[PDB]
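**Student:**
Number of protein chains: 4
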Amino acid sequence: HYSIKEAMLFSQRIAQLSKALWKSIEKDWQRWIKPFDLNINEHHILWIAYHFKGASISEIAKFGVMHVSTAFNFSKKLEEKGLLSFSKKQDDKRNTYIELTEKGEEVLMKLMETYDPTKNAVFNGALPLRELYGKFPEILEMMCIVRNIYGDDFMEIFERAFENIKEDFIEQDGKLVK
Amino acid sequence: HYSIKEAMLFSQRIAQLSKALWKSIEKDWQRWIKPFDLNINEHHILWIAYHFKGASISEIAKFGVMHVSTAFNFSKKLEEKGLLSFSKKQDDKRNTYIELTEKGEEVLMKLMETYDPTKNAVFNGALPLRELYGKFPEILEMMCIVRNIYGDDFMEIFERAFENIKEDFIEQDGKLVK
Amino acid sequence: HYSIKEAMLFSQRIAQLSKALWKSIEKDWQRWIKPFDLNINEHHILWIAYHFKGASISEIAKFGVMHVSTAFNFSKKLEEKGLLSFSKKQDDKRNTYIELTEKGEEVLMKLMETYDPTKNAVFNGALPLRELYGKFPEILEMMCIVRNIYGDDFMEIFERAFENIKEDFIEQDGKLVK
Amino acid sequence: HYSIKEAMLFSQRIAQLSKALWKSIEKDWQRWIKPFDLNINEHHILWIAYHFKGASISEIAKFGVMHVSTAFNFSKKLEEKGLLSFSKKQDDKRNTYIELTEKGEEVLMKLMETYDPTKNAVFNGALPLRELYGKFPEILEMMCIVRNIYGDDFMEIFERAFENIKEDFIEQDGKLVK
DNA sequence: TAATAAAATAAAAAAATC
DNA sequence: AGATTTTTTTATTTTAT
DNA sequence: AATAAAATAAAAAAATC
DNA sequence: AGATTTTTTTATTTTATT
DNA sequence: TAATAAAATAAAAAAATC
DNA sequence: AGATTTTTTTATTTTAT
DNA sequence: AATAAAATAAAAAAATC
DNA sequence: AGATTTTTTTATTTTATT
Ligand SMILES: [Mg+2]
Ligand SMILES: [Mg+2]
Numbered sequence: 007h008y009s010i011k012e013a014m015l016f017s018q019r020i021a022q023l024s025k026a027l028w029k030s031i032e033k034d035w036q037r038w039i040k041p042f043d044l045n046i047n048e049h050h051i052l053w054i055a056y057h058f059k060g061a062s063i064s065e066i067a068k069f070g071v072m073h074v075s076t077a078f079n080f081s082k083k084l085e086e087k088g089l090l091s092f093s094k095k096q097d098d099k100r101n102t103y104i105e106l107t108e109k110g111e112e113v114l115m116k117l118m119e120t121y122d123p124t125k126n127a128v129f130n131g132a133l134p135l136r137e138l139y140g141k142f143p144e145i146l147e148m149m150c151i152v153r154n155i156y157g158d159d160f161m162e163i164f165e166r167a168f169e170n171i172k173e174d175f176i177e178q179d180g181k182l183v184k
Numbered sequence: 007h008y009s010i011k012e013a014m015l016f017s018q019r020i021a022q023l024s025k026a027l028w029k030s031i032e033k034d035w036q037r038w039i040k041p042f043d044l045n046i047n048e049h050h051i052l053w054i055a056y057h058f059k060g061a062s063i064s065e066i067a068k069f070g071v072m073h074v075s076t077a078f079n080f081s082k083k084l085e086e087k088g089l090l091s092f093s094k095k096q097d098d099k100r101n102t103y104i105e106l107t108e109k110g111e112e113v114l115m116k117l118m119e120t121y122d123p124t125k126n127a128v129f130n131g132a133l134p135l136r137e138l139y140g141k142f143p144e145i146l147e148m149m150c151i152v153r154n155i156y157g158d159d160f161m162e163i164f165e166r167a168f169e170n171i172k173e174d175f176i177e178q179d180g181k182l183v184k
Numbered sequence: 007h008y009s010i011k012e013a014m015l016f017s018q019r020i021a022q023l024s025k026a027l028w029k030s031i032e033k034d035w036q037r038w039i040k041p042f043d044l045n046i047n048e049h050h051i052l053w054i055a056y057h058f059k060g061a062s063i064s065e066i067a068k069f070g071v072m073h074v075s076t077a078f079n080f081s082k083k084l085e086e087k088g089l090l091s092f093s094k095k096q097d098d099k100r101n102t103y104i105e106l107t108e109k110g111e112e113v114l115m116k117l118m119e120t121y122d123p124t125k126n127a128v129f130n131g132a133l134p135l136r137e138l139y140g141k142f143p144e145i146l147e148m149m150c151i152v153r154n155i156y157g158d159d160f161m162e163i164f165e166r167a168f169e170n171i172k173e174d175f176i177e178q179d180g181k182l183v184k
Numbered sequence: 007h008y009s010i011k012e013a014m015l016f017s018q019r020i021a022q023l024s025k026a027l028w029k030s031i032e033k034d035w036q037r038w039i040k041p042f043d044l045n046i047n048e049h050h051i052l053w054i055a056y057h058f059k060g061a062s063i064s065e066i067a068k069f070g071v072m073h074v075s076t077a078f079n080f081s082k083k084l085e086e087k088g089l090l091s092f093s094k095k096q097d098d099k100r101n102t103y104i105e106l107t108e109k110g111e112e113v114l115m116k117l118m119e120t121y122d123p124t125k126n127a128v129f130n131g132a133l134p135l136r137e138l139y140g141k142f143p144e145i146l147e148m149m150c151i152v153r154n155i156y157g158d159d160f161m162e163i164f165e166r167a168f169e170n171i172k173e174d175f176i177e178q179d180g181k182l183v184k
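In order, the protein sequences belong to chains B, C, A and D. Its first residue numbered 7, the first sequence is counted upward by one per residue in PDB author numbering. Its first residue numbered 7, the second sequence is counted upward by one per residue in PDB author numbering. Its first residue numbered 7, the third sequence is counted upward by one per residue in PDB author numbering. Its first residue numbered 7, the fourth sequence is counted upward by one per residue in PDB author numbering.
See below:
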């Protein structure tokens, strides 16, 4: 059992913090992918499909943090730009599934190449901690909180992106490459 | 140095973790302020003027993570709803200072009465951690990152809210009241 | 559940750490008190009495992490040196109580004067962390572990020492004094 | 910078934690090894020499947090009990290098099979934390502090012990075996 | 709709001019 | 750029004999 | 039992704002 | 330099969209 | 005891010496 | 410098009519 | 049950390694 | 400078104490 004050204190503090973060993250994310004329959720969708091939609209709307409507509309615009593949399987024909086309994987890799960590603000904001820790910050308390909110299945996005990028990419001339 | 691989690993973990965390906080925040016909940034501006009286447009755009222009446009709607008061100053009339009207302060205080932490998802997410530790999670690594991004003066908002809630408010019948 | 390998991995990591930590704290503690011809458990006994006046030999042994016989022998050795006043009282007389004499209080505070944090190596080892955090490390994970082993009653010594030192003392010429 | 009050608020908190933690580790470690009539520092020496074959007396004293006189005398007693081999090198003859004999390896790995986590207090104190996290506590803050006090070369023992337990041992019938 | 760049604008400060 | 509603569609599911 | 009819509920998909 | 003029800088303020 | 001061002692390197 | 053992000592608990 | 006992337990107080 | 001698430095190695 808890004081109401002590809740307001915790609720307001993590509000400000999570808004400060993500806005900083959103800015650096949209700056990096505007050259390729992708918006944030769009790019997130393509990454959802690369790690989770064949996902359903509601499934990608799960792993990217977006409404089901946003996923359908932004994923069909990725279809017309030729970056996404829609599909249906008629055991249950209410369900529309998406796959990444070759063009889309390509722009993912090219965006991966244009990545410059130094122009990302939380990267630079986290480097102090890394220096004395020996590793980048884990932010485990946040991962615990997120898990209890979204469920362990959601958290599959993390380790699918961890293992895949550790094995599906390498560094040559200071850029990430396949 | 660091690997550009090791960098991406950290950047995708924090990116998704914070989009998760903000969106969760976003919807719970929208839900409690719609009864009084506010949006997040409007409510955010009102709390900033409560804690930082007579602050510049650019200042409340600093403390609330918003653009100067969104600060000025939502700050004017708040005075057309009567909740804010605009002033200018002797030394430099380019600045425009903002104060809370007592209609504005009232709706803040009434919303504080409606606050049910049980309906906030991040709060329920942090309860298991609160039990083990005995106090709420501090997410200290994130406070450090945000600080090295926004700088020490942005971080006065956390301290001013902490002190003000603690010394301006008090519990009665499970609600926070003056 | 846990694998035996995973558990051994944790049990050696903390055994080596707690040994390392305790031994450096042991040396600096001895340096500090050898001038006054005290030993660790004697100095801890006197500090237990200062925070917990009228405490039993068994009770002193709880907070001082020492065997009850160890407390007994070292405690009456302190009475010969005239810093401790034994008592026996009221209903039950198998219990032997302790309080701190005038001579004992002064040697505490005088040792508190000779305190130089820079000669203590664990202080120095935490200074890099304190810069980045703002405050000293909270070492919460071992605080949780130490509680689960010893119980919430035991952890009252932390809480009693925190409050007493905070306002039974003040700083003068780089010295703690009453 | 820091206060002298703030400095000793930290010094006492880690003194008391360190002592509490080392003494529940002390007595759990003793109980485990008395069956094979070893003491803690003798058992440490056997694990130092297993992980670091050919270690010097001084080096053994580094990794096992003990005086060079104790590591010598307890290394001797291990030679008289037939578990450690004493060597010299003709290039520099003031050095004296230690190496486990096969009788020495066998007693270590029978004790490895004797290991029951559930009799260890610190393990059980840590199980609630492993529940929330998914992994055991890392107490990074204590690793940071200990690395600054002892230096990065000492800290090699954690990394070698980690990887050696990982690869040299396997789980058969709920016990760690080679 | 809740935000936001990209202009636009007015005022203060800073820099040029002699 | 990214929501909320509402529609509209399919398939389970639940009834009703 | 079987069915067949009738809500109820999954999953999109299509206008708002 | 001291009195003026010019350019830049700062802070909005409004406008064009997502 | 399970430890560790404190000398004590052999070697080796380092400084000195001319 | 610290314990693990012994002992010893009250008070409490349990067992007996 | 009311007592008195045998037994148990608590808390020191000793002697070892 | 090169060969020598002499000091310090290092690593045990043995003592005695809480
Ligand atoms: Mg933590
Ligand atoms: Mg605690």
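Backbone N, C-alpha and C define an ideal beta-carbon position, used for all residues, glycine too.
1) 7 Å is my cut-off, CB to CB: does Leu-133 (chain D) come that close to chain B?
2) Which complete alpha helix (DSSP H) runs does the stretch 60–98 of chain B hold, if anything under 4 residues is left out?
3) For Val-183 (chain D), which residues does DSSP report across the bridge?
4) Based on Cα-Cα distance, which residue from D:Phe-92, D:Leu-90, D:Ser-91 and D:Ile-63 lies nearest to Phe-78 (chain D)?
5) Quick one: list the residues of chain B neighbouring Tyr-139 (chain D), beta-carbon separation under 8 Å, in chain order.
6) Does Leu-138 (chain B) come out as helix, strand or coil in the three-state DSSP assignment?
7) Can you tell me the Cα-Cα spacing of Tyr-156 (chain D) and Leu-146 (chain A), whole angstroms?
8) Where the beta carbon is closer than 7 Å to any heavy atom of ligand 1, which residues qualify, in chain order?
9) For chain C, check one thing: does any of its Cβ atoms lie closer than 7 Å to the Cβ of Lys-109 (chain B)?
10) Run the CB neighbour count on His-57 (chain A), radius 10 Å, all protein chains shown included, and call it buried at 16 or more, exposed below.
11) When you compare only the Cα positions, how much space is there between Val-183 (chain A) and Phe-175 (chain A)?
12) Cα-Cα, which of D:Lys-116, D:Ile-66, D:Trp-38 and D:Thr-102 is closest to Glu-162 (chain D)?
13) Among B:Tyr-8, B:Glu-12, B:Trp-53 and B:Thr-76, whose alpha-carbon lies nearest the alpha-carbon of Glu-111 (chain B)?
14) One question on the structure: do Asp-34 (chain D) and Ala-127 (chain D) come within less than 7 Å of each other, judged by their Cβ atoms?
15) Report the neighbours of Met-14 (chain C) on chain B: residues whose CB is nearer than 7 Å to its CB, in chain order.
16) Using a Cβ-Cβ cut-off of 7 Å (strictly less than) and excluding sequence neighbours within five positions of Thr-107 (chain B), which residues of its own chain qualify?
17) Let me check understanding here. Comparing Cα to Cα, which of D:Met-14, D:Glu-32, D:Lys-25 and D:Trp-38 lies closest to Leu-117 (chain D)?
18) Compute every distance between the C-beta of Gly-140 (chain C) and the non-hydrogen atoms of ligand 2, then say whether any falls below 6 Å.
19) Is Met-149 (chain D) near ligand 2 - that is, is its Cβ less than 6 Å away from at least one heavy atom of it?
20) Grab me the residues of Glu-177 (chain B)'s own chain with a C-beta within less than 8 Å of its C-beta, minus the 5 sequence neighbours each way, in chain order.
21) Measuring only between beta-carbons, confirm whether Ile-20 (chain D) sits less than 7 Å from chain A.
22) Following the continuous alpha helix (DSSP H) through residue 185 (chain C), name the residue where it begins and the one where it ends.
23) Check each candidate in A:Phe-142, A:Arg-153, A:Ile-10 and A:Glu-105 and name the one with the smallest Cα separation from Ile-51 (chain A).
24) Do you know offhand how far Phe-142 (chain D)'s Cα is from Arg-136 (chain D)'s?
25) What are the boundary residues of the alpha helix (DSSP H) that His-49 (chain D) is part of?
26) Within this structure, are the beta carbons of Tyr-103 (chain B) and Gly-70 (chain B) separated by less than 7 Å?
27) In the structure shown, what three-state DSSP assignment does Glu-112 (chain D) receive?
28) Closer than 6 Å to a non-hydrogen atom of ligand 3 - does that hold for the CB of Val-128 (chain D)?
29) Give a yes or no on whether 7 Å exceeds the smallest Cβ distance from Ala-77 (chain B) to chain C.
30) Would you identify the three-state DSSP class for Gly-131 (chain B), choosing helix, strand or coil?
31) Would you tell me roughly how many angstroms separate the C-alpha atoms of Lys-109 (chain D) and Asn-101 (chain D), rounded to the nearest one?
32) For the candidate residues C:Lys-181, C:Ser-75 and C:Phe-168, whose alpha-carbon lies nearest to that of residue 1 (chain C)?
33) For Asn-47 (chain C) and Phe-80 (chain C), which I take to be in contact (beta-carbon distance under 8 Å), what is that distance rounded to the nearest angstrom?
34) Just the Cα atoms here: how many angstroms apart are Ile-171 (chain C) and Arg-19 (chain B)?
35) Against chain A, with Cβ distances strictly below 7 Å, would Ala-55 (chain D) count as a contact?
36) Would a C-beta distance cut-off of 7 Å place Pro-134 (chain A) and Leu-23 (chain B) closer than the cut-off?
**Tutor:** Walking through what the data contain:
1) no
2) As for any alpha helix (DSSP H) of minimum length 4 sitting wholly inside the stretch 60–98 of chain B, the runs are 63–69 and 74–86, ordered along the chain.
3) D:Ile-176
4) Closest option to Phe-78 (chain D), judged by alpha-carbon separation, among D:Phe-92, D:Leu-90, D:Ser-91 and D:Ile-63: D:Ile-63.
5) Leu-146 and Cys-150
6) helix
7) 22 Å
8) B:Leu-146, B:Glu-147, A:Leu-146 and A:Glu-147
9) no
10) Buried, since its Cβ has 16 or more Cβ neighbours within 10 Å.
11) 5 Å
12) D:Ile-66
13) Nearest of B:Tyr-8, B:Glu-12, B:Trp-53 and B:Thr-76 to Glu-111 (chain B), Cα basis: B:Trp-53.
14) yes
15) Using a Cβ-Cβ cut-off of 7 Å, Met-14 (chain C) is close to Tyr-121, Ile-171 and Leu-182 of chain B, given in chain order.
16) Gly-88, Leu-89, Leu-90 and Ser-91
17) D:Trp-38
18) yes
19) Not so, every heavy atom of ligand 2 lies at least 6 Å from the Cβ.
20) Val-183
21) yes
22) Given that chain C is displayed from residue 7 to residue 184, the structure contains no residue 185 (chain C) and the question cannot be resolved.
23) A:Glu-105
24) 5 Å
25) 46–57
26) no
27) helix
28) With respect to ligand 3, the structure shown offers nothing to examine, as its ligands consist of ligand 1 and ligand 2.
29) No Cβ of chain C is located within less than 7 Å of the beta carbon of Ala-77 (chain B).
30) helix
31) 24 Å
32) Since the displayed chain C opens at 7 and closes at 184, residue 1 (chain C) lies outside it and no answer follows.
33) 5 Å
34) 12 Å
35) No, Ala-55 (chain D) does not count as interfacial toward chain A.
36) no
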